[PDB]
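Before any questions on binding or motion, here is one chain by itself as structure tokens, the form deposited in one PDB entry.
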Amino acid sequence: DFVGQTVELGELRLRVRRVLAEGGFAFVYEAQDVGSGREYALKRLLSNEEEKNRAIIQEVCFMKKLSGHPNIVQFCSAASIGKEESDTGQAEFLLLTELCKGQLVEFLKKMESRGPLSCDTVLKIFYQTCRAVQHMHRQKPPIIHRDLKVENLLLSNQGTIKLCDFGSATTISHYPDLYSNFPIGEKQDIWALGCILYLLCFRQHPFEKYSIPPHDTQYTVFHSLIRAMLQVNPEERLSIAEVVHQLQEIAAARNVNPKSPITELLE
């Protein structure tokens, strides 16, 4: 019962059109700036606790830092209203970002009945997702996502993948700006990406030991990258640069621009 309201956010005046997503912490809404007609995703996060406050501001900071990359949703603005000032009786945080076309799974559902995904489509989806995570892992210190899953991936208005969910992410604070090149979590993200790749090819989750279908002749080109990302030993497991590198070579060999629109999800 928050839809219908027009909300002030800086110099913006936004009509809350409908509910895109919910869960525990928060809701996300489709919103439209009344005057300019531009559309946005608006996440509204309620807090009664300083621990919630900290998690919420950390998510905003991560979104701010990662913005600008073609495969991360664009951060537009953020703002709050004190609990004394809201009709929740709670602190409200407002986070305004790029409105996407929808969740990637919705589109995968619809493609699915028309049969397996083209190798090329799998390549584009996976590369674009790996580029977004590479962007996080390249930060100083690296930002570890920790909740990579296909359901959280979005498809942008241009048909490219957009990573949006930084509420589980973490890294080192007050990092000095002495020597250190230690893994601090990246490799759990890679495992997660391995599951996504498996899932895109074979349309099930590799766990709940895994198994690439023994006679698969369509996604064979991905098999060794899958196994490499699903090494149980994390030192053996690939880095994101090791995954991206291989994805670039696969792309160059198939004459595919892997950052291009995934127009087959848009038909």
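Numbers for residues come from their place in the sequence shown, where the first is 1. Rigid core here is just the name for the largest C-alpha set that superposes within 1.5 Å across the two forms.
Below, we refer to the form deposited in another entry, which is not included among the displayed structures.
In the core-superposed comparison between the shown form and the other one, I184 has its Cα shifted by at least 2 Å. Superposed on the core, the two forms differ at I172: its CA moves 2 Å or more between the shown form and the other one. Whereas the displayed form keeps them at a certain spacing, the CA atoms of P183 and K124 lie at least 3 angstroms farther apart in the other entry.
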